[PDB]
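> To kick things off, part of the complex as it is:
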Amino acid sequence: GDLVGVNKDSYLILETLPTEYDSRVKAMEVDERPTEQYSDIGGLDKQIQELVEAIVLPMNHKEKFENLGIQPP
Amino acid sequence: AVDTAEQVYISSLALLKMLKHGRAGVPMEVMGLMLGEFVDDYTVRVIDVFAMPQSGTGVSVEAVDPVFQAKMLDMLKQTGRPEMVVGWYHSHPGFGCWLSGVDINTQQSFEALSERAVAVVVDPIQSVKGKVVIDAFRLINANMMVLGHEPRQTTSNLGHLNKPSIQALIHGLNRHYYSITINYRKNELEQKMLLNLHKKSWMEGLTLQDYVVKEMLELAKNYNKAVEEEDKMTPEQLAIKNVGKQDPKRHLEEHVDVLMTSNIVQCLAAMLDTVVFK
């Protein structure tokens, strides 16, 4: 399932294309990254806390999880 | 300053290197140079068709290696004969062997230096013995349309080259192109030895080899009974009483002569004991 360069004559697999960009997905990747600090989230600050303990710390420190030694969420 | 019906006294090895150059010359089309001798005006001869490297990039005028030219002719100098080029060959083994759009450029690119430089088109993948697709063309040009394009001086050679005149875009390319005549040389200095190795080789070699015999006949006699009941359905098919039949559907033969020469082989095969022994 790859885009490859093939000779018209010998029909030899010549090179791999650097053009496998994948329509819609690579367009689904949000590259702008709009800003939102946590000052906008008013009223769900406990959900900010369990949110960070659930999600943000598995990105940073799995040693926080696996020196205790169970699993990430 | 004058136009004459030409002729190509061909070295059989030319066509040999073309049938190798198209047989092994995988039908991705290729290009070469033709190495003969400009003998005179009303004929020309080829004495050599040499080989080209794997130019698997493209039929082009740029595919010629001039150091392979100079070293090639140099290797003709350290061998006996340093003959002269007369033109160029190429191969069209895939399609119906007609003049490609590089030939319409590299022809006058080559004959700008040469005199004639006749094209060579080949396709050995046409047939095995029946069709001999050798092909050759002389590019006439729009400069020579002042005179009519009629050499004609000896005729019936281009009258019998005129006898086919059937290739689709080439019939169309009557403009800019008139072919050349190619006979085959009286090659009995080699056709003699191709004959003597031909029949000294291809019939039991030393010929004390067949002199298989009778289980072939066993199988052949079961053939030569097993078709005999359906061979004899034809006299039932001849029982039309008055007339009711078109062409007799003659299955009389194909089983006479098989028995004939096959059992000539069985009876001289019966002789070979009293022939070999005494």
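Arrived safely. Numbering: from 1, shown residues only, chains lettered A, B, ... in the order given.
> Strands along chain A, start to end?
Here chain A has its strands, by DSSP state E, at A:4-6, A:13-16.
> With mean neighbour count and distance to residue B:246 added, can I get the ones you listed in CSV?
The way it works is simple: take the backbone N, C-alpha and C, and place the C-beta from them, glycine included. Putting the strands of chain A into CSV (neighbours: other CB atoms under 10 Å in any protein chain shown; distance: least, CB to CB, whole Å) gives the following:
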stretch, mean neighbour count, distance to residue B:246
strand A:4-6, 10, 58
strand A:13-16, 10, 61
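> who wins for proximity to residue B:229 among these?
strand A:4-6 (58.5 Å; CB to CB).
> hang on, the earlier thing: between the strands of chain A, which one is nearest to residue B:251?
When the strands of chain A are compared (using CB to CB), the closest one is strand A:4-6, at 54.6 Å.
> elements contacting the closest one?
Packing contacts for strand A:4-6, counted by 3 or more CB pairs under 8 Å, 6 or more residues apart in numbering or on different chains; DSSP states H and E, involve strand A:13-16.
> Show the contacting residues for residue B:169.
B:98, B:99 (CB atoms under 8 Å, 6 or more residues apart in numbering or on different chains).
> Export the strands of chain A to CSV and append columns for distance to residue B:267.
Output for the strands of chain A, formatted as CSV (distance: least, CB to CB, whole Å):
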stretch, distance to residue B:267
strand A:4-6, 63
strand A:13-16, 63
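> of those, which approaches residue A:34 most closely?
Nearest to residue A:34 among these is strand A:13-16; the distance by CB to CB comes to 35.1 Å.
> Wasn't residue B:268 part of a helix?
Yes: when classified by DSSP: H, G, I helix; E, B strand; the rest coil, residue B:268 is found to be part of a helix.
> onto the same structure, chain C please:
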Amino acid sequence: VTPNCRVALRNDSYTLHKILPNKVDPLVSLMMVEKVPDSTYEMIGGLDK
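Chain C, in position alongside the others:
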């Protein structure tokens, strides 16, 4: 030149060369899809009106 009749066209220069007297559609595949012959009236018996 008959309108919508078919011809024999060469591949040479597409020279309009011969004209072919023909029928056009699947006519063969179903045009002649009859039950040919069979038998006579004697095996009917009753629906004669």
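> Please reconsider the contacts of residue B:169 now that chain C is part of the model.
Residue B:169 is in contact with B:98, B:99, counting by CB under 8 Å, 6+ apart.
> what's the spacing between the one helix or strand it maps to and its chain's center?
Using DSSP states H and E, residue B:169 sits in helix B:168-172. The chain centre lies 21 Å from the centre of helix B:168-172; the measure is CA atoms, centre = their mean, to the nearest Å.
> Stretch B:196-209 now?
Relative to the chain's own centre, stretch B:196-209 is displaced by 24 Å; criterion: CA atoms, centre = their mean.
> and the most centrally placed residue in chain B, how far is that from residue B:179?
With distances taken as CA atoms, centre = their mean, the residue of chain B nearest its centroid is residue B:132 (3.4 Å). From residue B:132 across to residue B:179, the span is 15 Å (CB to CB, to the nearest Å).
> quick one, which residue of chain A lies the farthest from its center?
In chain A, the residue that sits farthest from the middle, by CA atoms, centre = their mean, is residue A:9; the gap is 41.1 Å.
> Next up, the contacts around that one.
For residue A:9, the contact set (CB under 8 Å, 6+ apart) comprises B:28, B:56.
> Residue B:220 now?
By CB under 8 Å, 6+ apart, residue B:220 lies in contact with B:258, B:262.
> so which strand or helix has it?
If you go by DSSP H and E, residue B:220 is part of helix B:215-226.
> Check which element follows that helix along the chain.
Under the assignment DSSP H and E, the closest C-terminal helix or strand after helix B:215-226 is helix B:228-231.
> buried stuff in that next one?
Across helix B:228-231, burial judged by 16 or more other CB atoms under 10 Å in any protein chain shown covers residue B:231.
> Of all residues in chain A, which one is nearest the centre?
Geometric centre of chain A, nearest residue: residue A:29, 8.5 Å, by CA atoms, centre = their mean.
> with the structure above as the base, add chain D:
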Amino acid sequence: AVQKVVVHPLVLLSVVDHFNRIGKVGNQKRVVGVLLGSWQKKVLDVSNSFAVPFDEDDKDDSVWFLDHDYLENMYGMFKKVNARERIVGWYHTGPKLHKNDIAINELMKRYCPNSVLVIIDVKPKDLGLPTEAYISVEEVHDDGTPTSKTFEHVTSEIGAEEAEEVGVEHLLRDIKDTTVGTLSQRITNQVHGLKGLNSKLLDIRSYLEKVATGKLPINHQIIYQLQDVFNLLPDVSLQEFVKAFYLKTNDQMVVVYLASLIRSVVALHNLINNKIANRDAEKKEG
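One more chain to add, chain D, which I have set with the ones above:
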């Protein structure tokens, strides 16, 4: 262990035009050259070769000339057209040999697993075979001397590979495919009877001249050993093959029964519709 090769007569026709070179370059009589090819099997094919500018002193016959301008860079050309068609051996004309040949083999055994010398024929009038191979052999003796290297009679043939008869069988312009039983068998009768029994006269040249003037290979190791094979059936008066005569009733049994019944069927074949179409053509003419 070589039975046969496939011989393309293309570069044999290059032996023909180098046979045209030697008639006009001078003193060099014999056409000597170097054989390209590829070992695939015991069967082999030769598709190309090349003919060497070679000289050979009649005094001290082992004086070779295989130029490496002529060898190496031409092997770069012949490699450049095809990586497959490299060397396999070499050739020269004459039937027997050349006091230099063995050394000329060893110049290129550094190039090939088995550099073969195939002694070739420019003027075929032969009673036996065409060009024939000679493989690297070390048979020596039961003696324990230094190793013999003279390259022994290892059978070959003229094989035919592929189509190639768009030229060839157009250039026949004479010959017919005989449906054997149409004289081709008696052609083989003349060639194996005559061309076999004059080779038998070469064998009385052997077994008379060796009795006369023949030294050490008079009875080296194959004469009595194949006097065994001569002693299949050489016997005196009529050799008395008493098994072979009612065994021959079991033989001629078959041929005369097939000819009898089957040629009576041929009597139907010829006779019956010969009469029908005969008298249709005869009295239906009126």
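> now with chain D: what packs on strand A:4-6?
On a contact count with 3+ CB pairs under 8 Å, 6+ apart, strand A:4-6 meets strand A:13-16.
> Which residues outside the strand it packs on are in contact with it?
For strand A:13-16, the external contacting residues (CB under 8 Å, 6+ apart) are A:2, A:3, A:4, A:5, A:6, A:7.
> cutoff 6 Å now
Contacts of strand A:13-16 with the rest of the structure, by CB atoms under 6 Å, 6 or more residues apart in numbering or on different chains, involve A:4, A:5, A:6, A:7.
> which one of those residues sits closest to chain C?
Among the contacts of strand A:13-16, residue A:7 lies closest to chain C (CB to the nearest CB), at 29.6 Å.
> how far away is that closest one from residue B:53?
To residue B:53, residue A:7 is 18 Å away according to CB to CB.
> Neighbour count: these two, which is higher?
residue B:53 (14 against 11; other CB atoms under 10 Å in any protein chain shown).
> residues contacting the more buried one?
Per CB under 6 Å, 6+ apart, neighbours of residue B:53: D:80, D:81.
> do you know how far it is from residue D:76?
10 Å.
> for residue D:20, same thing?
Taken as CB to CB, the span from residue D:20 to residue D:76 is 26 Å.
> residues near residue 50, how many?
Unless you meant another one, I'm taking chain A. Summarising burial for residue A:50: neighbours were counted as other CB under 10 Å, giving 10.
> Not quite, go with chain D.
Other residues lying near residue D:50 total 22 when counted by other CB under 10 Å.
> and residue D:20 and residue D:76? which has more neighbours close in?
Higher neighbour count among residue D:20 and residue D:76: residue D:20, with 16 against 10, using other CB under 10 Å.
> Measure how buried residue B:108 is and give me the count.
Applying other CB under 10 Å, we find 14 residues neighbouring residue B:108.
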